[PDB]
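A single chain, nothing else alongside it, follows as structure tokens in the form deposited in one PDB entry.
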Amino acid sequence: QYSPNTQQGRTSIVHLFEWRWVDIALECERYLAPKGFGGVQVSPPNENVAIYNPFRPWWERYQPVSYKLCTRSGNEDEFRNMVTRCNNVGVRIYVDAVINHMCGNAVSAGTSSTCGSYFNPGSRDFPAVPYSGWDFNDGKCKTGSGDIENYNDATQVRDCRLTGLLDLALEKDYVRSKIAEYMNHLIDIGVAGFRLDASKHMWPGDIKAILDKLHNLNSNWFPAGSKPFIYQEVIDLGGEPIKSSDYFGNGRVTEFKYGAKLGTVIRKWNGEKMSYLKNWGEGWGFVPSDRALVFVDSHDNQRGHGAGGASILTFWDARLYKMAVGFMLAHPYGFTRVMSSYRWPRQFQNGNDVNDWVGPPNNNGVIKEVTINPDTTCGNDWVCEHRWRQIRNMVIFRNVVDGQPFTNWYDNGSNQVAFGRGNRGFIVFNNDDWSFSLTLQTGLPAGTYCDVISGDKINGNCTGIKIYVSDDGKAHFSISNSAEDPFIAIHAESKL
């Protein structure tokens, strides 16, 4: 469960948030494969409620109607076509599994679903599965409202409705079996793992019972005995009885403290600074590296919907964001997930975005295709951060230095720091209000290296900054606090 099952030398996953299956299929072939990406986290592939008020919000996909692979991203055939084409070029697919609940208990009954399946929240009937009143936690939940009211009570957090979402009785073998049926079908057609949505809201033991029913990965694409990669969504910021460690027996856990803290130090909140990052990792109260799924921002908190709060850096903060993603991809801690978003009309009023519900770019509710511009950026309002040179090159940087230890750390006691990864890579950051100009020990072999942040290595030359490493491994770095990207990165494969 702990291993991502990516092809050897592939160390990251990209969340192609709300992308259609046909676009991901193409992306795997034209970009993800040749650029060394390990895999893709796809949006929930199961049928959900079609919500019109507001108009097709992104969150409607977290309100299941059935397990039919039929959504705005595509039908069952288009989904498998995607998994097959991606696997064929060595790029994995990870499914966002929404298995804790079905839709909101107040949603009107009918066929307002992405595949037309009928469902009646009020009567607890979802015939397409099928689920009935016997499969929900109505009787088990002890709160007066029936919803989660107090997180200091680990029981209601698991047995009551998350914001009114009908809560499945995951202790029942019938329910466990219907979920396993859905997940095994996905495994058998090729998915390499799952994001277990709302895991804090499920008992560690119930998740375990469901995982016990899962098959090994498709033996045509994966080695015999491969188990699906499992990363559970648990937002654990430290002040509750439920700890993400309670879920280690099932697989990895999302480390939401990661992006939260990286955001506060890079924004320099509360006197924090990059020099403090020398002991980044468990030293900051994070889960063990081998149990962490890390990221700077997620589809949830990039729009203030989850946790990490106001400190979270996103594509909106492009300059600082690239640097944060750069530090994450260079540092050995955890398994990295990079975000790929769509632009929405963010509109702040009293410090809150009233358009944080807005769904993916669409024409009358039909998600727009991802267009690729000549400069390799995306059109149709897809941000495509994974295509930003500064990020894509750090994804490659991570692959190049994989297995190499964190070494040669340097800091000016403020916000100018640097560190290397064995003798395969080195990165330098300047987040102070003044220039950084100094000779650093890089731990790299002598030679000329292309800085992969400002440019690229192209046919024996560099398009951007060049760094010269001497025989003792030292090299001079000069970064202005006014630089477009205040950080430089070089590695074994960017050497001329």
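Note that residue numbering begins at 1 and tracks the sequence as displayed.
The form deposited with a small molecule bound is left out here; the points below concern that form.
J.: Looking at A180, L162, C141, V400, which is the one with a non-hydrogen atom within 4.5 Å of the small molecule in the entry with it bound?
T.: Contact with the small molecule in the entry with it bound is made by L162 alone.
J.: Taking 4.5 Å between heavy atoms as the contact cutoff, choose which of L186, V395, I235, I266 touches the small molecule in the entry with it bound.
T.: Selected option: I235.
J.: Look up in the entry with it bound whether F348 has a non-hydrogen atom within 4.5 angstroms of the small molecule, and give yes or no.
T.: Contact with the small molecule, no.
J.: Can you tell me if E240 lies within 4.5 angstroms of the small molecule in the entry with it bound, counting non-hydrogen atoms only?
T.: Yes, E240 is a contact residue.
J.: Answer with yes or no whether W409 is in contact with the small molecule in the entry with it bound, where contact means some heavy atom within 4.5 Å.
T.: No, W409 sits far enough from the small molecule in the entry with it bound that none of its heavy atoms falls within 4.5 Å.
J.: Taking any heavy atom pair closer than or equal to 4.5 Å as contact, tell me whether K200 reaches the small molecule in the entry with it bound.
T.: Contact with the small molecule, yes.
J.: So which of 323-331, 400-408, 420-428, 200-208 is the stretch with heavy atoms within 4.5 Å of the small molecule in the entry with it bound?
T.: In the other structure, the partner sits against 200-208.
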